[PDB]
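Enquirer: so I've got this experimental structure, pasted below with the sequence.
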Amino acid sequence: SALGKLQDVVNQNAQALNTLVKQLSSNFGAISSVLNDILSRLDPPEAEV
Amino acid sequence: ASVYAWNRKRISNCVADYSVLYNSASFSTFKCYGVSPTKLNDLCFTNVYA
């Protein structure tokens, strides 16, 4: 931990990228987190919402 | 049967042509939730309960 000042910035950037990637699994109220399936099993008028 | 003892049938391991049911005009109402009726034919489910 002598080099902790430089390790911290790498850790912070990796953590930010990890949380950004993991946010691609949320629903936010939708019926699925995958665009492909809510397009494969709904029609445009109700896939819009 | 009546709604008190509604019959359950389990459906699995075949090929289902939902198109013939959708086009069949005998049904008074044919209303699908969470899935669009015209895209049943190209989906795949694990099992169906009637």
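Expert: In hand now; what should we look at? Residues are numbered from 1 along each chain as shown, chains lettered A, B, ... in the order given.
Enquirer: what comes up buried for stretch B:28-40?
Expert: Across stretch B:28-40, burial judged by 16 or more other C-beta atoms under 10 Å in any protein chain shown covers B:35, B:36, B:40. Every residue, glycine included, has its C-beta placed from N, CA and C.
Enquirer: residues near the residue of chain A found nearest chain B, how many?
Expert: Nearest to chain B in chain A, going by C-beta to the nearest C-beta, is residue A:43, at a distance of 4.1 Å. Residue A:43 has 13 neighbours, counted by other C-beta atoms under 10 Å in any protein chain shown.
Enquirer: what parts of chain B come near chain A?
Expert: B:34, B:35, B:36, B:38, B:39, B:42, B:43 (C-beta under 8 Å from any C-beta of the partner chain).
Enquirer: now do 6 Å
Expert: Within chain B, the positions near chain A by C-beta under 6 Å from any C-beta of the partner chain are B:35, B:36, B:39, B:43.
Enquirer: so after the lengthiest helix in chain A, what's the next helix or strand?
Expert: When chain A is parsed with DSSP state H, its longest helix is helix A:4-22. Under the assignment DSSP states H and E, the closest C-terminal helix or strand after helix A:4-22 is helix A:35-40.
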